[PDB]
Each structure stands twice: as structure tokens, then as C-alpha cells.
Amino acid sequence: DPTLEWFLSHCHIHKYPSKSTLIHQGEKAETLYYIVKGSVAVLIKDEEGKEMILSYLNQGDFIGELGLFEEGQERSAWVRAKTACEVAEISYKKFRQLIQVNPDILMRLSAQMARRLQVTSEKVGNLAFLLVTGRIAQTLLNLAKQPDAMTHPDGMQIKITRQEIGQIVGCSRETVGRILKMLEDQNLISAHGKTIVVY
């Protein structure tokens, strides 16, 4: 749309190959990003290097916004390219001028921030209230209802590794393996290889 086209005209755009890191946790934040094309993962880590995926973000999503509103902040998480990405970037200083010219661009950003708070708060609830089986079940269901799901005779077919599931729900790949076997035993899914059919 015209508002995003205008905003993007003020950005400089860069390509990140798959698996490259756009944002490192702890970096001093002075830059806003916007995904023109591609997908990323937002990750945090514990003291042993275990990773949890806080969110995937996709085309049309802003990234690196959390430092915009107060000076001297650090990046709160790592952001890694899941595919080749084309990403627009703009200094906080320039973005603030754009906001004065047309606050609709701040409305667009803030809308995403609000949704992220909602979704992350839901995740808190899931971790606090659900067991690992329930979190894995809900994750498989949510992934089957995503745009990139594949139609299957028996339901919706998804592509995700045990490692990635573990990183979403907070458990080892071995634990994912055991729970997935349990779910197939219950005739709720089938596991082919890296492919899972959610009935």
C-alpha cells in the first residue's frame, strides 16, 4: 500500500542468506528492520545454550522495534534468517521523523507490537498451564492451520524437525520423539520422516 511504499522509500534494503543472523542479542539498538521478503526466527537462550523460538516473523513484519522508544537499549533476542531474506533497514532517528510526517506508519508498527504481546502472553500461559504433550499437540495443530501447510488425504501435512518442535515447546528432541510416538499410537498423527500428518 501507499503508506508502506512511502516508508520503504526511506529505507535501505539488504539481502540476508538463509541461516544468517540479522540481529544478535545484546547489540546496541539504533536500527529498525522490515521484512520485504522471507521468514525469520526470533530466539532466546538459556545459560547452557539451549534455544527457544519466541516467534517466527514473515514478509510484512517489522523487526528490531523494541529499542525505538528509549535510548541506550540492547537487542532482546537473536533473529535468524529461516530462508533467504530481503530486509529493509532505517535508523531510529530517520524513522522518528517519518512518524511526525505520517503517524500511520507508527500505527502499523504498534499494531504488530500489540499482537506480539498478545501471542507471547498466550505462550506464557501455555508454558505455565500445559504439559509438554499438550504444548506439542497445540503446536502441531497450529502448524497444520498455517498457510504453508500441505493438503493430505488424512488431514494437513506439515514439515518440521523434532529439534524445531523442541525449540518451540521447550523440551529435548528426544522428548519430542517420545511424545510424537505416543500421538501416533493414539491415531492422532502419523510421522513419516521430517513430515507429519495431523489428522
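One-based numbering along the sequence shown.
Chemist: What stretch has the higher average Cα B-factor here, 140 to 148 or 42 to 50?
Modeler: If you average the C-alpha B-factors of 140 to 148 and of 42 to 50, the larger mean comes out for 140 to 148.
Chemist: Given the B-factors recorded for C-alpha atoms, which segment has the greater mean, 171 to 179 or 186 to 194?
Modeler: The stretch with the larger mean CA B-factor is 186 to 194.
Chemist: Tell me, please, which of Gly155, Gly60, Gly26, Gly166 has the highest C-alpha B factor according to the deposited entry?
Modeler: Within the set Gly155, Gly60, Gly26, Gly166, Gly155 shows the top C-alpha B-factor.
Chemist: If you rank the chain by CA B-factor, which third does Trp6 end up in: lowest, middle or highest?
Modeler: Middle third by C-alpha B-factor.
Chemist: Within this chain's modelled residues, let me know which third the CA B factor of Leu130 belongs to: lowest, middle or highest.
Modeler: Highest third.
Chemist: Just say lowest, middle or highest third for the CA B-factor of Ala81 relative to the other modelled residues in its chain.
Modeler: Its C-alpha B-factor, which the entry lists for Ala81, ranks in the middle third among residues of this chain.
Chemist: Can you tell me which third, lowest, middle or highest, the CA B-factor of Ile160 falls into for its chain?
Modeler: Highest third.
Chemist: Lowest, middle or highest third of the chain for the C-alpha temperature factor of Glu71?
Modeler: It belongs to the highest third of the chain when residues are ordered by C-alpha B-factor.
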